[PDB]
Amino acid sequence: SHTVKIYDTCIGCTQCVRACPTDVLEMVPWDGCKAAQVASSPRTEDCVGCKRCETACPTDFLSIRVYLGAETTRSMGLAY
Amino acid sequence: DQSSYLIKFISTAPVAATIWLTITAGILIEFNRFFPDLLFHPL
Amino acid sequence: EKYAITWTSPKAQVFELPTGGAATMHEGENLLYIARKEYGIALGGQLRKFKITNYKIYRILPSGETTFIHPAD
Amino acid sequence: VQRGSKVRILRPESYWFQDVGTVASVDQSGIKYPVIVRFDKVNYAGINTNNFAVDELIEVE
Amino acid sequence: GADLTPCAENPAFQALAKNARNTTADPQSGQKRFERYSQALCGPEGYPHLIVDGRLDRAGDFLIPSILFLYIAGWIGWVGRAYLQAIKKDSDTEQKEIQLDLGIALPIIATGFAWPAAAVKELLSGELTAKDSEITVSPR
Amino acid sequence: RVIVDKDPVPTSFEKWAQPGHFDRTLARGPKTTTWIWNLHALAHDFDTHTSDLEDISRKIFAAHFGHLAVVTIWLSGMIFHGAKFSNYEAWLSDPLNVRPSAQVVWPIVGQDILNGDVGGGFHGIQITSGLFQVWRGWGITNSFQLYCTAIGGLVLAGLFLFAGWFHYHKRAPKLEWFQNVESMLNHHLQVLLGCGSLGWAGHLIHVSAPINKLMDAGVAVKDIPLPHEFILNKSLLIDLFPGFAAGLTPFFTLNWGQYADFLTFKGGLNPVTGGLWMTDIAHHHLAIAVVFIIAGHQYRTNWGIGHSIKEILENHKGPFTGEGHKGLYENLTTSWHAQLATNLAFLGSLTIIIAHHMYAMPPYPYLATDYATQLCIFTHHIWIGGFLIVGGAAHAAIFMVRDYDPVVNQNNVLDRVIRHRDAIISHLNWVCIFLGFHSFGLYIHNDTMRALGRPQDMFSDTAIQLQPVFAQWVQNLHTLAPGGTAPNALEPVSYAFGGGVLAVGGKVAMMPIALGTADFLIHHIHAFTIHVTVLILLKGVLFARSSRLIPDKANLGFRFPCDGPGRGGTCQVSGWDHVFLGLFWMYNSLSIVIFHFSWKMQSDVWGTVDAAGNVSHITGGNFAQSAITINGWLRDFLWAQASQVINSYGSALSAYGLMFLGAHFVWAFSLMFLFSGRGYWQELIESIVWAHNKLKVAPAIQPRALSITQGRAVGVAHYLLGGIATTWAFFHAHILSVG
Ligand code: CLA
Ligand code: CLA
Ligand code: CLA
Ligand SMILES: CC1=C(/C=C/C(C)=C/C=C/C(C)=C/C=C/C=C(C)/C=C/C=C(C)/C=C/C2=C(C)CCCC2(C)C)C(C)(C)CCC1
Ligand SMILES: CC1=C(C/C=C(\C)CCC[C@H](C)CCC[C@H](C)CCCC(C)C)C(=O)c2ccccc2C1=O
Ligand code: SF4
Ligand code: SF4
Ligand code: SF4
């Protein structure tokens, strides 16, 4: 599948979790930021490489990044 | 003041550039009716 | 078949199927067999404008194994 | 620094690298980048605010 | 060369002088360009070949229009530069870009004719350029 | 039921000052150069603002007075330019020799060579729009009738522009005035179309056909009396048209055979002009007018009687289609794009029918005589018809995204094409492939057989026949229709089917068009390039809301670039992008229709008739053995007919030589936008903003590259402009020389 790296610069905006359409992302509590939560990607075998999650992240530069890797059936988006 | 909106409309981007390029093009046209064929300066 | 999605509705109303076209949900527990998980969240957001947040996407393997994958808790 | 201090940016991956910002608010404990800097020109995403560390900035006022 | 004998001597330039096409509705605009083009250099074809060398007997081709252009072209840059210097110290500066502050643009336009006296003044004062520590750059 | 709001919008110059006042996001001020292009893009998109359909509809109806003003200014301009700057009075004396000309060129830079000698002591640009045929068909004799028409048009252009102010800024209608589509269809079919063609039927009978009959006698131009003396002095409507002394009573005693001199059914071409009979057009527009006034009494209004469209559509349902047409009333009475898709795909398809029904039946005096006019009227309205069909396909995809409703459109015929949309496309995908091999591959077959020295293995008139049986038969039915299935006619509907050769002077007005093996291939090329264009446009309509790739495509919008590089890559999935891809095939399809026309008519119709009736064509009759190979389309059409457009320097056709090269440029320029991507050009500007940052000329509005959708839109607009203008400048300089 693909590879979703989440760096430590995000603010817990929850805009990337509310944009990944296969629901790869979820918020875990983390005492760093002001909103006290960081995005996490525990289900990256479902990620389709959409990069909706990189489009919705505010921080410059992006705290979330999708590295396009080996493409299985779930990441090609094939109904067949 | 209704008249100030006409000065403020005549100085937007396409309206000023239409008038200024019309005055610019009209200078080159009326210079070329009277003094045509100026390939080079005659010295 | 794979990735069953279930939801409980307060009543019956016409929604839009992710496979193209409009169907009509029942009142009570519903069930829709879709092709991929991408359909179920694109349907699960279409339920949000109907004020329904009780949807559960399964994972029906060809052996008969049904794995509950959304939500985690 | 303080609410209204022009600073500069030294983060290379940032869009406003070696540009003049304006500190909008500084936090107290967490995040490690607790300085909100309201920039004046926008990046490609369209936003003009970001968070930066304390040692990341160069005060010019 | 190649065969840049002057146009007044050519059989070809005088053959092109007999079937003149009037440029403007002046009935002798056909004639009042060929006597003007006689001092140029027509090759074997009959057409005046311009000399961009810098020879002073051929200064009218390139030397005279070069000073004439670079005065007008360095004008338009200097007017467009000095306006953008002015609007940056204003309230918004983006409205004054698309929607021209005509009260500020018009003093800058009249100012311009000492732009060589101003650009050399800006050059020697070190206010023409900017510092490389103050311009945004790409990661290497 | 007229209810009208009183002064909704104050007339002020307030909003002319700030630009982009219409959208809340766009009015906050520019930050990049993206704002500059979104102002001109979201400008006339009145639907994005609110949900108030009452407020949007008032803007739409008032802007429609704006487009009526600029057409009338254009139209009265063409009459005024034809009044002063034309040779119309010298054209009437000899239309066989004097060329139609307007647009005298100012003489400044040597462009006075474009004022070439058209005949009649007049120097100007030989026009091809055919306005001299229209004005003679209206019966205009002198210049003063053109002045009062053009000055009358400028007054009529001012009433449209005043009412657009009035019906928006002063007295604007409510919502329910617009949704009276039964009341709209009754006024627009009767008063606009029926009474418009009844009044125009009164203009041929009392005015035009008396003048055009005196013209065919060859009397004079000045000696023909003024057309209001035909109404006063009734003795001149009885020297010609003798069935006129009986007066008005044979209309009301049903003695309509008394009017057989000036409401004829001659059915053919006038042998003097090569146009239609003016008496046939009189009985046409009268019989047209009776049908529209009857059929406009159909829909129900305030007086009880009449059909109801919500009750017509809901009865027509069957066993296959479930609820049938139940629910399509609410789509067409609430959404403006559903109306705009319907009124544009069927007016664009109408415009192509007009082009076919005007080259074979030339409706104007001396229209088929001038080959330079008749070629350009066809090829004009072909393209105008083709853009509108793509537009109806565009604004139907916009309906599916914004205005489609699942509750109304449940199990009706709109819903039942989205269930089987995979069966629609994949069966259409097969026919586009089937027509690709068995129509174009028969040219590749013939290219190779002639190159291999095997001419006996070709699909030609000599070697292997492919005769169009089903169109050679229909021509034989329409040839034999006078005396048979329509006994009252004399000649056929046109001479394109059968009949004989009608010569006007020397030039052929119309000759029987014989279909053969080359005509079989090129009519099945046409079916190929049209079914592929339908394949792209309908796929953008059916897959507008979702697909198997993107289950929530309507969530993103009508016009979005992609959904990222994932799923293999999802760029150009939107409904906008299928309109983008169909504009090329529309360009591809219509360019062959106008190439089929421009070389069949020159090889097999147009030409000069000798004394004994021998018809000597323009290209010598070479469409038969050369329009079967792609070498023959390149040699004998593109190469051989361009010898008048590129050799035209130092003459009056010099501008068509410059527009031929200048349009090859703009076509090639468009490929920089199509091939490349946005993310290259944004990186390049970052290295140019640096050199603009260094010398302190940094703009406050940041430069950005054109967006992904705009870079496609610029690349297709510059593509269609340079590709059509190549043909525009190629058709003119070829046919203004051999005609
Ligand atoms: C204020 C005006 C201005 C000035 C002084 C400059 C100055 C410069 N530009 Mg730049 N540029 C400008 C506007 C300006 N630019 C605009 C509007 C565009 C977009 C079309 C560009 C596009 C551009 C490119 C693509 C490149 C430059 C380059 C350069 C440099 C070399 C000169 C050159 O090649 O000219 C280039 C000039 C053009 C491409 C066209 C000129 C644009 C218009 C015609 C002039 C603007 C006049 C302005 C609107 C008047 C406003 C007046 C105000 C009072 C209202 C130099 C730093 C080059 C560079 O980096 O070299 C190191 C380079 O590659 N510029
Ligand atoms: C009855 C005619 C009609 C009407 C009223 C509309 C109305 C509308 N269309 Mg539509 N359309 C039409 C015909 C029509 N269209 C046709 C025939 C096509 C096929 C080409 C389209 C294709 C189309 C698309 C693909 C889209 C629309 C959109 C829109 C909406 C916004 C358009 C806008 O603001 O443009 C503002 C005006 C411009 C951007 C200017 C464009 C200039 C063009 C590209 C160049 C014209 C070339 C010109 C002839 C040559 C100039 C030469 C130059 C040297 C001067 C609006 C509701 C858009 C939308 O989102 O709808 C909601 C949209 O995405 N339409
Ligand atoms: C000359 C250029 C060219 C060609 C050949 C094609 C070909 C095709 N396009 Mg296409 N297209 C083109 C340019 C071209 N396009 C451009 C420029 C665009 C940009 C807008 C598009 C956009 C486009 C879209 C958007 C669509 C197509 C579609 C199609 C297909 C139509 C089906 C068909 O006729 O196939 C039949 C094949 C031919 C006519 C080619 C001739 C082949 C001969 C007859 C046989 C081969 C000879 C020999 C046996 C080879 C074997 C030799 C051996 C040694 C290997 C086909 C693959 C449509 C599609 O796929 O759906 C059907 C579609 O949706 N194209
Ligand atoms: C070209 C042109 C123009 C002109 C136009 C005109 C000139 C118009 C006219 C118009 C007209 C001139 C119209 C008319 C119409 C008519 C009609 C529409 C009639 C009707 C009638 C009826 C309907 C009758 C009936 C009846 C009877 C018979 C008996 C019984 C009773 C009744 C009454 C029913 C203008 C300026 C715009 C400009 C543009 C171009
Ligand atoms: C070349 C190119 C660009 C760059 C091209 C641009 C930005 C065109 C801009 C050129 C005009 C001239 C900019 C105009 C700027 C000012 C208006 C100039 C002032 C002149 C006036 C006085 C007339 C893209 O942005 C792009 C995007 C997506 C796909 C392909 C491409 C692409 O091919
Ligand atoms: S990665 Fe982006 S969306 Fe996720 S928490 Fe960080 S800033 Fe928010
Ligand atoms: S690949 Fe990107 S767009 Fe797709 S689910 Fe993961 S984060 Fe979201
Ligand atoms: S359009 Fe460009 S960015 Fe979008 S998916 Fe295609 S290649 Fe990627």
# chains A, B, ... in the order shown; residues from 1 in each chain; ligands from 1
$ residues_near_ligand --ligand "ligand 6" --cutoff "12 Å" --atoms "only C-alpha atoms and all ligand atoms" --output "PyMOL selection string"
(chain A and resi 4-20+24-30+32-41+51-66) or (chain D and resi 50-51)
$ select_by_dssp --residues "chain B" --states "helix (DSSP H, G or I)" --output "number ranges by chain"
B: 4-10, 13-34
$ residues_near_ligand --ligand "ligand 3" --cutoff "6 Å" --atoms "only C-alpha atoms and all ligand atoms" --output "list in words"
residues 429, 432, 433, 436, 437, 440, 441, 536, 581 and 584 of chain F
$ residues_near_ligand --ligand "ligand 1" --cutoff "8 Å" --atoms "only C-alpha atoms and all ligand atoms" --output "number ranges by chain"
E: 76-84, 97, 100, 105-106, 108-109; F: 685, 687-695, 697, 699
$ residues_around --residues "residue E:16" --least-positions-apart "3" --cutoff "10 Å" --atoms "only C-alpha atoms" --output "ChimeraX atom specification"
/E:10-13,19-21,34,45-47
$ write_last_selection --atoms "N, CA and C atoms" --output "PDB file, in the first residue's frame"
ATOM      1  N   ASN E  10      21.381  51.225 -58.375  1.00  0.00           N
ATOM      2  CA  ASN E  10      20.927  49.891 -58.755  1.00  0.00           C
ATOM      3  C   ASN E  10      19.978  49.947 -59.944  1.00  0.00           C
ATOM      4  N   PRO E  11      20.124  49.046 -60.916  1.00  0.00           N
ATOM      5  CA  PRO E  11      19.027  48.822 -61.863  1.00  0.00           C
ATOM      6  C   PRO E  11      17.818  48.190 -61.208  1.00  0.00           C
ATOM      7  N   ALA E  12      18.013  47.447 -60.117  1.00  0.00           N
ATOM      8  CA  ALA E  12      16.908  46.761 -59.463  1.00  0.00           C
ATOM      9  C   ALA E  12      16.097  47.705 -58.587  1.00  0.00           C
ATOM     10  N   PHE E  13      16.757  48.644 -57.906  1.00  0.00           N
ATOM     11  CA  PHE E  13      16.027  49.588 -57.066  1.00  0.00           C
ATOM     12  C   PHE E  13      15.277  50.608 -57.911  1.00  0.00           C
ATOM     13  N   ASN E  19       6.976  50.887 -60.299  1.00  0.00           N
ATOM     14  CA  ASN E  19       5.681  50.283 -60.015  1.00  0.00           C
ATOM     15  C   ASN E  19       5.319  50.472 -58.550  1.00  0.00           C
ATOM     16  N   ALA E  20       5.459  51.709 -58.078  1.00  0.00           N
ATOM     17  CA  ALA E  20       5.290  52.033 -56.672  1.00  0.00           C
ATOM     18  C   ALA E  20       3.845  51.864 -56.227  1.00  0.00           C
ATOM     19  N   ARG E  21       3.686  51.354 -55.017  1.00  0.00           N
ATOM     20  CA  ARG E  21       2.390  51.235 -54.378  1.00  0.00           C
ATOM     21  C   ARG E  21       2.278  52.323 -53.321  1.00  0.00           C
ATOM     22  N   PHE E  34      11.011  56.164 -51.926  1.00  0.00           N
ATOM     23  CA  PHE E  34      12.112  55.589 -52.689  1.00  0.00           C
ATOM     24  C   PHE E  34      13.280  56.554 -52.789  1.00  0.00           C
ATOM     25  N   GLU E  45      18.878  42.142 -54.591  1.00  0.00           N
ATOM     26  CA  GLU E  45      17.436  41.971 -54.673  1.00  0.00           C
ATOM     27  C   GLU E  45      16.728  43.289 -54.936  1.00  0.00           C
ATOM     28  N   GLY E  46      17.288  44.385 -54.453  1.00  0.00           N
ATOM     29  CA  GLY E  46      16.658  45.677 -54.527  1.00  0.00           C
ATOM     30  C   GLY E  46      16.056  46.162 -53.234  1.00  0.00           C
ATOM     31  N   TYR E  47      16.432  45.582 -52.102  1.00  0.00           N
ATOM     32  CA  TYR E  47      15.836  45.928 -50.833  1.00  0.00           C
ATOM     33  C   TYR E  47      16.909  46.459 -49.896  1.00  0.00           C
TER      34      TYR E  47
END
$ interface_residues --of "chain C" --to "chain F" --cutoff "7 Å" --atoms "only C-alpha atoms" --output "PDB file with C-alpha atoms, in the first residue's frame"
ATOM      1  CA  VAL C  14     -35.078   8.409  -0.690  1.00  0.00           C
ATOM      2  CA  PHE C  15     -31.288   8.539  -0.701  1.00  0.00           C
ATOM      3  CA  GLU C  16     -28.674   8.194  -3.442  1.00  0.00           C
ATOM      4  CA  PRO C  18     -23.061   5.113  -4.343  1.00  0.00           C
ATOM      5  CA  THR C  19     -23.325   2.747  -7.314  1.00  0.00           C
ATOM      6  CA  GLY C  20     -25.434   5.317  -9.188  1.00  0.00           C
ATOM      7  CA  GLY C  21     -29.174   5.790  -8.807  1.00  0.00           C
ATOM      8  CA  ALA C  22     -31.656   6.456  -6.023  1.00  0.00           C
ATOM      9  CA  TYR C  39     -18.505   3.656  -1.239  1.00  0.00           C
ATOM     10  CA  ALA C  42     -19.184   8.353   0.623  1.00  0.00           C
TER      11      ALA C  42
END
$ residues_near_ligand --ligand "ligand 4" --cutoff "8 Å" --atoms "only C-alpha atoms and all ligand atoms" --output "PyMOL selection string"
chain F and resi 72+75-76+149-150+152-154+156+191+194-200+202-203
$ write_last_selection --atoms "N, CA, C and O atoms" --output "tab-separated table (two decimals), in the first residue's frame"
chain	number	residue	atom	x	y	z
F	72	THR	N	-29.06	43.61	-32.02
F	72	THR	CA	-29.73	44.63	-32.81
F	72	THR	C	-28.76	45.72	-33.24
F	72	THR	O	-28.85	46.23	-34.37
F	75	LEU	N	-26.99	44.08	-36.00
F	75	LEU	CA	-27.79	43.90	-37.20
F	75	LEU	C	-28.07	45.22	-37.89
F	75	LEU	O	-27.98	45.32	-39.11
F	76	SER	N	-28.41	46.26	-37.12
F	76	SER	CA	-28.58	47.58	-37.71
F	76	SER	C	-27.26	48.18	-38.14
F	76	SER	O	-27.24	49.10	-38.96
F	149	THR	N	-34.20	51.71	-42.06
F	149	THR	CA	-34.15	50.42	-41.38
F	149	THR	C	-33.06	50.42	-40.31
F	149	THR	O	-33.30	49.98	-39.18
F	150	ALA	N	-31.87	50.92	-40.65
F	150	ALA	CA	-30.76	50.92	-39.70
F	150	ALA	C	-30.99	51.93	-38.58
F	150	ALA	O	-30.68	51.64	-37.41
F	152	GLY	N	-33.96	52.81	-37.70
F	152	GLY	CA	-35.02	52.14	-36.96
F	152	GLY	C	-34.51	51.01	-36.09
F	152	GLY	O	-35.10	50.72	-35.04
F	153	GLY	N	-33.42	50.36	-36.50
F	153	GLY	CA	-32.82	49.35	-35.65
F	153	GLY	C	-32.14	49.93	-34.43
F	153	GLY	O	-32.15	49.31	-33.36
F	154	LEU	N	-31.56	51.12	-34.56
F	154	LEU	CA	-30.90	51.75	-33.43
F	154	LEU	C	-31.90	52.25	-32.39
F	154	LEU	O	-31.57	52.32	-31.21
F	156	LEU	N	-34.81	50.54	-31.96
F	156	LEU	CA	-35.23	49.25	-31.42
F	156	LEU	C	-34.15	48.61	-30.56
F	156	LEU	O	-34.48	47.78	-29.70
F	191	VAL	N	-47.85	34.57	-30.92
F	191	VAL	CA	-47.60	35.96	-31.24
F	191	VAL	C	-46.21	36.13	-31.85
F	191	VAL	O	-46.03	36.89	-32.80
F	194	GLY	N	-46.19	32.59	-34.86
F	194	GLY	CA	-47.34	32.56	-35.76
F	194	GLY	C	-47.67	33.93	-36.33
F	194	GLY	O	-47.74	34.10	-37.55
F	195	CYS	N	-47.87	34.91	-35.45
F	195	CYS	CA	-48.12	36.27	-35.92
F	195	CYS	C	-46.90	36.91	-36.55
F	195	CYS	O	-47.05	37.84	-37.35
F	196	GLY	N	-45.70	36.45	-36.21
F	196	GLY	CA	-44.52	36.97	-36.89
F	196	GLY	C	-44.43	36.49	-38.32
F	196	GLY	O	-44.04	37.25	-39.21
F	197	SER	N	-44.80	35.24	-38.57
F	197	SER	CA	-44.82	34.70	-39.91
F	197	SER	C	-46.11	35.01	-40.65
F	197	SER	O	-46.15	34.86	-41.87
F	198	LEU	N	-47.17	35.42	-39.95
F	198	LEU	CA	-48.34	35.92	-40.65
F	198	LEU	C	-48.11	37.34	-41.13
F	198	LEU	O	-48.53	37.70	-42.24
F	199	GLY	N	-47.48	38.16	-40.30
F	199	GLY	CA	-47.15	39.51	-40.72
F	199	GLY	C	-46.12	39.52	-41.83
F	199	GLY	O	-46.21	40.31	-42.76
F	200	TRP	N	-45.15	38.61	-41.76
F	200	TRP	CA	-44.17	38.52	-42.83
F	200	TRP	C	-44.77	37.94	-44.09
F	200	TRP	O	-44.33	38.28	-45.19
F	202	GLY	N	-47.71	38.78	-45.01
F	202	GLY	CA	-48.26	39.99	-45.59
F	202	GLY	C	-47.23	40.87	-46.24
F	202	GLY	O	-47.58	41.72	-47.07
F	203	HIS	N	-45.96	40.68	-45.91
F	203	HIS	CA	-44.92	41.51	-46.50
F	203	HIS	C	-44.46	40.97	-47.84
F	203	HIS	O	-43.97	41.73	-48.67
$ interface_residues --of "chain F" --to "chain B" --cutoff "6 Å" --atoms "only C-alpha atoms" --output "JSON, numbers by chain"
{"F": [13, 17, 108]}
$ atom_distance --atom1 "atom CA of residue F:186" --atom2 "atom CA of residue F:313"
17.9 Å
$ closest_residue --among "D:1, D:37, D:57, D:31" --to "chain A" --atoms "only C-alpha atoms"
D:31
